[PDB]
Amino acid sequence: XXXXXXXXXXXXXXXXXXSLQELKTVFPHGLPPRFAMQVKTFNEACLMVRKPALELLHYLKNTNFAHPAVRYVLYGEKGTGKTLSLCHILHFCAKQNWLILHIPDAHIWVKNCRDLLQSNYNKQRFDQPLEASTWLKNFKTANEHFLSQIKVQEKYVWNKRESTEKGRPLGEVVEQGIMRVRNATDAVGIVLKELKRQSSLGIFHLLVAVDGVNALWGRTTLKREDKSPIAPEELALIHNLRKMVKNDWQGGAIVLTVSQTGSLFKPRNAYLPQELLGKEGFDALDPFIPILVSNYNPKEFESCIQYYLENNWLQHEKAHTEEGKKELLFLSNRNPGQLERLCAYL
Amino acid sequence: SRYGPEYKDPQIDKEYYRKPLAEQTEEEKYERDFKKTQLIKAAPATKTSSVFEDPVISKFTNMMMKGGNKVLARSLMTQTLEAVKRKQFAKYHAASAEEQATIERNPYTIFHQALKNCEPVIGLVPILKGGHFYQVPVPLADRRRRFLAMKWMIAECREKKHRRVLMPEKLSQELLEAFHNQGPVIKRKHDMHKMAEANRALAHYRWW
Amino acid sequence: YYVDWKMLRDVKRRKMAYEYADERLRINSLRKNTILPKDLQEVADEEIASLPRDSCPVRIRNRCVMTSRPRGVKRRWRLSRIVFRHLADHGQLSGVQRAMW
Amino acid sequence: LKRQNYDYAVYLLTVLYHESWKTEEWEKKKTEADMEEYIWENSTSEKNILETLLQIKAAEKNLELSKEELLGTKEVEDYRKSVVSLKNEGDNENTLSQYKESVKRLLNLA
RNA sequence: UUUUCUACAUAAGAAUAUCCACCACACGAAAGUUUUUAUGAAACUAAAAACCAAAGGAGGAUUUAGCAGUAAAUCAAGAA
Ligand SMILES: Nc1nc2c(ncn2[C@@H]2O[C@H](COP(=O)(O)OP(=O)(O)O)[C@@H](O)[C@H]2O)c(=O)[nH]1
Ligand SMILES: [Mg+2]
Ligand SMILES: [Mg+2]
Ligand SMILES: [Mg+2]
Ligand SMILES: [Mg+2]
Ligand SMILES: [Mg+2]
Ligand SMILES: [Mg+2]
Ligand SMILES: [Mg+2]
Ligand SMILES: [Mg+2]
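Chains Ag, AG, AN and Ak, in that order, are what the protein sequence lines are. If you're matching positions, the first sequence starts at 52 in the authors' numbering and goes up one per residue. If you're matching positions, the second sequence starts at 35 in the authors' numbering and goes up one per residue. If you're matching positions, the third sequence starts at 28 in the authors' numbering and goes up one per residue. If you're matching positions, the fourth sequence starts at 216 in the authors' numbering and goes up one per residue.
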């Protein structure tokens with residue numbers, strides 16, 4: 052299959068390749084694990100353009116940046132390829148040189164936190180230095196050119212013995228958040244609210260991607276030593292990224308994704324937004340564009356199999372008759388993640 | 035055994051039935067088969083006519099199962115075929131064109147070549163004579179030795195890996211090292227053959 | 028004549044447990060209540076404690092009716108397994124058959 | 216007696232019917248979370264719509280601002296029917312089709 | 001480690017015996033000690049939390065049981 056750069060309409064079901072340094076600069080953050088192994092194995096970075104990423108990228112070609120922030124939502128079945136249709140947009144709008152703020156799994160902040168720190172600066176809010184520092188260290192390699200460019204306007208107090216005052220580039224505030232991990236989260240939230248204040252300018256086109264948005268409004272697994280559960284509001288991190296989807300600001304576009312796999316207390320088979328997000332989630336999410344992401348059809352399927360034949364990744368001798376195609380089609384119901392899992396051991 | 039002796043086994047192979055017309059004694063044979071009113075067994079759920087099943091893979095899978103989990107074993111086998119496959123990719127893309135002609139990226143033929151090579155030729159049985167147990171060299175039938183190889187592989191990789199080391203990784207390692215004969219499995223095979231030789235005289239103790 | 032002295036004392040335990048039953052229920056009504064004072068409960072305590080302990084429910088023992096066997100009693104027929112089996116095997120017990128499945 | 220269970224059951228019937236028509240003080244105290252429906256009135260989606268149209272009016276350099284004008288229009292109506300059919304009817308394809316169409320009209324994208 | 005946790009039902013996230021001064025944790029407390037609660041006239045019983053986290057690192061001679069929906073593993077029900 053033939054392609055050049057991200058945007059083409061008649062190139063649906065074709066293989067787009069990128070460099071390794073594109074992979075390192077554009078996604079310093081998480082890339083879906085199975086796709087990361089795909090890349091490390093074939094040594095070529097290849098994706099296939101889908102109709103949902105076409106529809107969404109043609110809604111991000113026409114954006115009017117004077118208009119308030121518009122919210123998009125990517126929904127569908129487990130392993131139907133809706134986390135990567137976020138990656139298409141991410142690297143196309145990183146190639147247009149935007150500010151890419153990317154959180155791979157929101158639930159990671161909601162679930163399984165080793166260290167829960169108590170903060171009364173924010174009025175009874177808890178922070179996760181670990182996640183804050185990892186996310187910041189990825190945000191540093193994400194966009195370098197704009198971190199020397201932004202000028203921070205506030206007076207900021209890290210410690211009784213340390214302060215940074217206005218006129219500072221944001222590379223400095225981010226690396227000062229990374230270096231001292233104690234206050235790293237307050238640095239994250241500050242990076243967020245000042246990103247949103249400075250997005251009014253024509254210097255900032257802000258693409259905000261938070262996968263598993265249902266984690267923001269969802270029920271939390273983390274608990275106090277009292278054994279009492281904490282709400283999604285009680286974290287500094289969630290409380291901050293909740294102001295990042297609010298659509299109060301201009302110059303940006305918020306691309307969102309609702310998840311089952313990463314979720315908590317949600318059943319396995321509900322792929323629809325309103326259930327995952329609940330009353331709080333859908334109600335606070337405001338009018339958004341509800342994009343459906345489904346499994347491959349016959350052309351996308353025979354294209355995926357073409358892709359797996361070219362790399363000789365199907366090592367089964369009988370995978371080369373129409374029998375193999377019929378059986379993998381009958382086995383996966385042509386689901387991309389399922390077809391990945393099924394061509395894993397073959 | 036809810037079946038009487040009356041119930042003959044299912045022939046699950048599609049290719050035998052699809053192409054009947056060129057064989058006389060076989061037409062006669064499956065005619066005598068279904069004409070006799072033979073009650074025929076319900077075909078097993080584990081076996082499928084799928085072009086992707088290998089009964090060798092099937093039995094190594096089964097032998098790896100613990101408790102009632104077919105799922106956990108099917109998964110560990112998936113991950114082992116996966117580790118072997120991708121690791122062979124990692125050895126292929128770091129190499130030179132000659133070795134890009136040589137290297138095997140098929141985990142299936144690497145598996146069959148890992149068990150065909152690990153299979154001990156003779157094996158010992160204890161015999162009681164004059165109050166002593168002597169280990170005597172015994173010629174073995176194919177299936178027993180198949181079992182021998184598989185069992186040795188499973189036993190070793192269950193046993194000798196460190197606690198952080200996953201099963202499919204370790205089994206990929208030993209599969210690949212058994213392909214080239216240099217893993218501890220063929221060492222057990224070779225100790226089997228050395229002990230088979232030291233005592234070979236006693237083979238006159240064998241009455242069968 | 029009841030078949031034993033055992034069945035004698037236990038029968039007297041059934042009569043008695045029927046007699047002071049109302050007293051039991053009404054005293055233990057207050058005694059088991061949280062809202063009421065602890066002070067009415069100490070006095071209610073001395074009260075059910077004062078009752079003859081032969082009139083309390085749990086001092087009663089289920090025995091086989093005819094053979095008096097204290098244990099191995101089938102609740103529905105009030106009959107010891109020896110006697111149950113004996114009766115059912117002669118077919119004198121209705122509906123009871125030998126189980127095959 | 217069963218006559219008594221019959222008379223007290225039909226009693227429960229009459230009683231529930233007579234006290235179903237009595238509106239009292241605390242029923243005007245009704246929480247909006249208590250609702251069996253999603254009423255488009257006084258909603259959160261309503262204030263999200265009015266803020267999004269406030270910023271559409273502020274970005275377009277249209278100085279026209281009213282609650283009557285913004286809400287009286289056809290598109291906030293398409294949103295009425297869309298989000299009430301989304302909350303009450305639940306999750307469905309034709310319903311998120313109503314959502315995609317009404318918000319397509321509200322945010323101006325075709 | 002075919003393990004342990006939480007989600008959960010069968011694609012997930014984290015933990016993982018030695019780093020070292022951990023503010024100890026990986027498994028493994030069914031045992032203890034505290035407080036409750038079930039029943040009962042009477043807690044010596046039973047159940048649930050919190051704490052505590054010990055022996056144990058697949059075990060000598062020698063042996064039990066199983067030929068298919070069996071063994072093994074997981075779950076519930078009833079009898080008193
Ligand atoms: N060829 C191709 N594969 C994809 C695409 N998107 C996703 N996949 C595959 O599907 C797998 C998982 O899908 P994911 O986006 O994580 O869906 P989710 O699990 O429901 O969130 C990845 O490992 C990819 O290999 C695509 O656009 N093209
Ligand atoms: Mg996902
Ligand atoms: Mg008793
Ligand atoms: Mg996992
Ligand atoms: Mg204990
Ligand atoms: Mg411990
Ligand atoms: Mg120890
Ligand atoms: Mg013996
Ligand atoms: Mg059993």
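All C-beta atoms, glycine included, are put in the ideal place defined by N, C-alpha and C.
Comparing alpha-carbon positions, the option among AN/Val38, AN/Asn60, AN/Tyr28, AN/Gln68 lying closest to AN/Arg86 turns out to be AN/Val38. In this structure, Ak/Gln313 is the residue among Ak/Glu252, Ak/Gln313, Ak/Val230, Ak/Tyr253 with its C-alpha nearest to the C-alpha of Ak/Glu290.
Taken from the Cβ of Ag/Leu323, every heavy atom of ligand 1 lies 6 Å or farther away.
Looking at Ag/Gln325, Ag/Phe333, Ag/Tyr396, Ag/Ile305, the one whose alpha-carbon comes closest to that of Ag/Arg122 is Ag/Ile305.
Taking Ag/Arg270 as the centre and dropping the five residues before and after it, the same chain places the C-beta of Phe316 closer than 6 Å to its C-beta, in chain order. Neighbours of AG/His127 in chain Ag, taken as residues at a C-beta separation under 7 Å, are given in chain order as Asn94.
Taking C-beta atoms under 8 Å as the contact rule, Ak/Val299 and Ak/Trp255 qualify, at a distance of about 6 Å. Between Ag/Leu323 and Ak/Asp306, the C-beta gap is smaller than 7 Å, which places the two residues in contact. Rounded to whole angstroms, Ag/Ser251 and Ag/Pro338 show a C-alpha spacing of 22 Å. Within the stretch 150-227 of chain AG, the complete alpha helix (DSSP H) segments of 4 residues or longer fall at 176-193, 201-213, listed in chain order. For Ag/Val121, the enclosing beta strand (DSSP E) covers residues 121-126. By the CB criterion at 7 Å, Ag/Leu150 and Ag/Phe197 fall inside the cutoff. Across the set Ag/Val224, Ag/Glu226, Ag/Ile201, Ag/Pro283, the C-alpha of Ag/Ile201 shows the shortest separation from the C-alpha of Ag/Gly253. At a beta-carbon threshold of 7 Å, the residues of chain Ag lying near AG/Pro141 are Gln366, ordered along the chain. Contact check for Ag/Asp262 against Ag/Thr308 passes: the beta carbons are separated by less than 7 Å. In terms of Cα proximity to Ag/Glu368, the closest of AG/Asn140, AG/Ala124, AG/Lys119 is AG/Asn140. In terms of beta-carbon proximity, Ag/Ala87 stays away from the interface with chain AG, with every pair separated by 7 Å or more. Listed in chain order, the non-local C-beta contacts of AN/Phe111 below 8 Å within the same chain comprise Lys101, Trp104, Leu120, local neighbours out to five positions each way being set aside. Counting of Cβ neighbours within 10 angstroms places AN/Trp128 among the exposed residues, the total staying below 16. Our two residues, AN/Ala126 and AN/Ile109, have alpha carbons roughly 18 Å apart in a direct line. Distance from Ag/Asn386 to Ag/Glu128 at the Cβ level is roughly 7 Å; contact confirmed, criterion being Cβ atoms closer than 8 Å.
When DSSP reads this structure, Ag/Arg176 sits in a beta bridge with Ag/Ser170. Within its own chain, the residues whose Cβ lies closer than 8 Å to the Cβ of Ag/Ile342, once the five positions on either side in sequence are excluded, are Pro103, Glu106, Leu107, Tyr123, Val124, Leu125, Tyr126, listed in chain order. Closest by C-alpha distance to Ak/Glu284, out of Ak/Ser297, Ak/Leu268, Ak/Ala274, is Ak/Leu268. At least one beta carbon of chain Ag lies nearer than 7 Å to the beta carbon of Ak/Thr259. Short of 8 Å from the beta carbon of AN/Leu63, and not among the five residues preceding or following it, lie these beta carbons of its own chain, in chain order: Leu57. Contact annotation: AG/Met184 and AG/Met97 have beta-carbon atoms nearer than 7 Å. Measuring C-alpha to C-alpha distances from AN/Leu78 to each of AN/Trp32, AN/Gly122, AN/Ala48 identifies AN/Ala48 as the nearest. Per DSSP, the continuous alpha helix (DSSP H) segment holding Ag/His142 begins and ends at 135-146. Ag/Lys278 and AN/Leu67 have their C-alpha atoms some 38 Å from each other. Proximity of Ag/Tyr396 to chain AG, defined by a Cβ-Cβ separation below 7 Å, is satisfied.
DSSP places Ag/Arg385 in the coil class of the three-state scheme, outside both helix and strand. DSSP, reduced to helix, strand and coil, places Ag/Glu195 outside both helices and strands of the structure shown, so it counts as coil. For the options Ag/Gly222, Ag/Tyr207, Ag/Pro79, the alpha carbon positioned closest to that of Ag/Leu141 is the one of Ag/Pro79. In the DSSP assignment, Ak/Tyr294 falls within the alpha helix (DSSP H) that extends over 289-302. Only those residues of the stretch 370-383 of chain Ag whose C-beta falls short of 7 Å from the nearest C-beta of chain AG are listed: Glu374, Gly375, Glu378.
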